Amino acid sequence: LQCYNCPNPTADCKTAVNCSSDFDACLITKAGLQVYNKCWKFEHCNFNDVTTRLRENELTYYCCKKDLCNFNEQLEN
Amino acid sequence: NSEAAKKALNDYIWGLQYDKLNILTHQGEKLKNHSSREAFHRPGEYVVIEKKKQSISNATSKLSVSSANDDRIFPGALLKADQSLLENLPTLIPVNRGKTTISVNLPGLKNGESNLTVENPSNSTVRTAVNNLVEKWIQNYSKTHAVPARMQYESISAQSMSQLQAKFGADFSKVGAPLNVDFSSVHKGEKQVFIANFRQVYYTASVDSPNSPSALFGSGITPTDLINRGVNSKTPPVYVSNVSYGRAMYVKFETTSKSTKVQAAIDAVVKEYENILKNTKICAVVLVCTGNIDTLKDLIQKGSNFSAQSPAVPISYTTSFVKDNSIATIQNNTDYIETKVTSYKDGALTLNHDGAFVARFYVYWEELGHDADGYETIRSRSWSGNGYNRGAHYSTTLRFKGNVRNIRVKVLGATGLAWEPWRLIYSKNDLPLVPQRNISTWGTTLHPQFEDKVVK
């Protein structure tokens with residue numbers, strides 16, 4: 001599966017790679033200004049694990065099981 | 001000469017060479033590795049229905065009795081190990097029958113009373129013999145010797161017509177016909193259906209291992225007649241070394257409930273749940289169907305001990321190889337499509353603001369979806385009434401469907417202060433989706449208080 005994946009949280013991640021076996025979803029997170037686009041685990045698609053793993057205190061996220069669905073345009077501020 | 005017959009007939013059987021742990025194997029159906037989740041919106045629910053593939057290997061020893069095979073069953077009966085045996089409709093072999101020693105395990109039986117021998121064992125001769133020994137026991141020891149019932153309890157979640165065949169034997173195909181099982185229901189996730197077999201076993205007629213293969217037949221029979229009459233290496237014979245007597249039953253439990261633990265409740269009845277059991281349909285066969293459970297309870301608890309009228313019907317029988325006299329164990333293998341149905345019901349949040357202060361409410365949650373091409377997604381939701389000032393009388397109720405989870409909530413009390421223009425009241429995350437929950441507020445700007453109410 002192929003997701004948009006930036007190591008460091010840029011406001012715009014255009015870099016996409018094919019995610020490993022143990023990753024089943026893609027994630028797009030908008031935490032204030034910081035935007036995180038990451039290969040992700042559906043089970044970890046929840047506020048506590050997300051904030052745990054992003055070191056961000058308040059945010060919005062989107063997890064999807066198709067290729068490149070995790071783009072910034074997907075969340076409403 | 002007689003020993004010549006003996007050693008001859010012993011001579012062929014050990015010469016037959018086969019794999020016991022293979023000959024008795026059946027394959028119902030094999031299917032492809034497969035799983036599919038599909039989630040539906042239904043009134044009052046978001047329901048997630050997940051089908052996956054499962055396979056089963058069920059190795060059983062004790063076989064079942066029925067109308068079709070009851071005429072072919074008794075201690076010492078000779079049978080055909082093949083497709084016939086596998087359909088639980090085995091072919092008996094008509095040979096001259098040698099004396100067979102039987103032992104019924106009724107309590108109180110001392111001396112040689114415990115044992116019996118049938119010179120020319122025949123279904124009539126033996127059935128009447130065991131029936132009579134039982135009758136000996138019913139006027140004698142039954143008065144001061146009680147026997148409950150050894151309870152053999154087997155149950156399972158109904159999935160396929162193929163897998164029920166695997167668990168309870170191919171035989172069920174015939175017996176379980178009239179109780180009307182609707183598989184399409186279960187697969188549609190409307191019904192949750194369970195099947196259970198109960199074997200109340202009282203007394204057992206156990207035939208001793210004959211000294212020789214030749215000890216199972218009378219004289220005047222030879223290696224040739226067997227291969228003539230279908231008995232060979234290809235399809236070897238095996239004999240019933242045990243028969244069990246008592247009451248057995250096939251019970252179907254049709255439930256509207258989509259609960260996780262229904263099986264455990266079903267078991268519990270025998271060995272909260274009360275609700276799922278309030279509406280549950282029962283239909284069974286005896287060897288009547290009603291929408292109540294007291295039926296079942298009284299049916300089992302009635303037959304928990306032995307009737308004094310007469311002998312019981314044989315329900316289980318065990319077979320053993322003539323060759324090695326080792327226990328015969330049928331292995332059953334089959335693939336089927338397991339179906340899981342999980343239901344997530346709706347909920348509502350009611351908002352009351354009675355505090356003098358003009359507060360603002362912040363409500364967030366998580367949402368379980370699917371998108372576009374249909375591939376499932378999870379997303380973060382935020383309420384529209386967030387960041388809005390609310391007055392002395394303000395009421396709104398938020399409707400939540402089953403796809404909503406992990407609600408997060410903050411409420412901010414106003415301060416007339418220029419600094420810290422809003423003040424914290426209540427903040428908590430990971431709130432369950434309760435059918436109804438009431439968040440209310442009361443008090444002064446200096447003494448603000450609130451409500452987190454579990455209504456249901």
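Conditions tested, residue by residue: (1) more than 10 Å from the chain's Cα centre (by Cα); (2) basic (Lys, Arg); (3) within 10 Å of chain B (Cβ to nearest Cβ).
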position	(1), (2), (3)
A:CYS26	no, no, yes
A:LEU33	yes, no, no
A:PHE47	yes, no, yes
A:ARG53	yes, yes, no
A:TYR62	no, no, yes
A:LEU68	yes, no, no
A:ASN72	no, no, no
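For region A:1-57, a residue qualifies if it is among the hydroxyl-bearing types (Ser, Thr, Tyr), buried (at least 21 other Cβ atoms within 10 Å of the Cβ) and farther than 25 Å from B:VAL404 by Cβ, and exactly one does: A:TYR4. What about A:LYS30, is it more than 23 Å from B:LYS410 (Cα to Cα) and among the basic types (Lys, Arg)? Considered against the rule, which asks whether it is more than 23 Å from B:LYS410 (Cα to Cα) and among the basic types (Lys, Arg), A:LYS30 comes out as no. Surrounded by 17 or more Cβ atoms within 10 Å (Cβ to Cβ), within 30 Å of B:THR441 (Cβ to Cβ) and among the hydrophobic types (A, V, I, L, M, F, W, C): does that describe B:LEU299? The answer is no for B:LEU299. Exactly one residue out of B:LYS110, B:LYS53, B:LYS80, B:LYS6 is touching an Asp or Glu at 6+ places or on another chain (Cβ under 8 Å), outside the structural domain of B:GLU376 (by CATH) and not hydrophobic (A, V, I, L, M, F, W, C), and it is B:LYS53. Scan region B:430-446 and tell me whether some residue there is in a strand (DSSP E or B) and within 27 Å of A:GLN74 (Cβ to Cβ). Among the residues of region B:430-446, at least one is in a strand (DSSP E or B) and within 27 Å of A:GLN74 (Cβ to Cβ), which makes the answer yes.
Scanning region B:181-211 for residues that are within 19 Å of B:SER241 (Cα to Cα), in contact with a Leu (Cβ under 7 Å, 6 or more places away or on another chain) and assigned to a strand (DSSP E or B) yields one hit, B:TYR203. Taking the listed residues B:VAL358, B:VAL411, B:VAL363, the one that is surrounded by 13 or more Cβ atoms within 10 Å (Cβ to Cβ) and out of contact with any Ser or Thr (no Cβ under 9 Å at 6 or more places or on another chain) is B:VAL358, with no other qualifying. Counting only helices (runs of 4 or more DSSP H) that sit wholly inside region B:75-171, those with at least 2 residues that are over 30 Å from B:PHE183 (Cβ atoms) are B:123-139.
For region B:279-330, a residue qualifies if it is within 20 Å of the chain's Cα centre (by Cα) and of a type in the set (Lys, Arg), and the qualifying residues are B:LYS281, B:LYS297.
Looking at B:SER214, B:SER233, can you tell me which residue is in a loop (DSSP other than H, G, I, E, B) and more than 22 Å from B:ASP70 (Cβ to Cβ)? Criteria check complete, one pass: B:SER233.
Virtual Cβ from ideal backbone geometry, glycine too; neighbours counted across all protein chains shown. What is reported rests on the model, the rules as stated and the sources as named; none is laboratory data.
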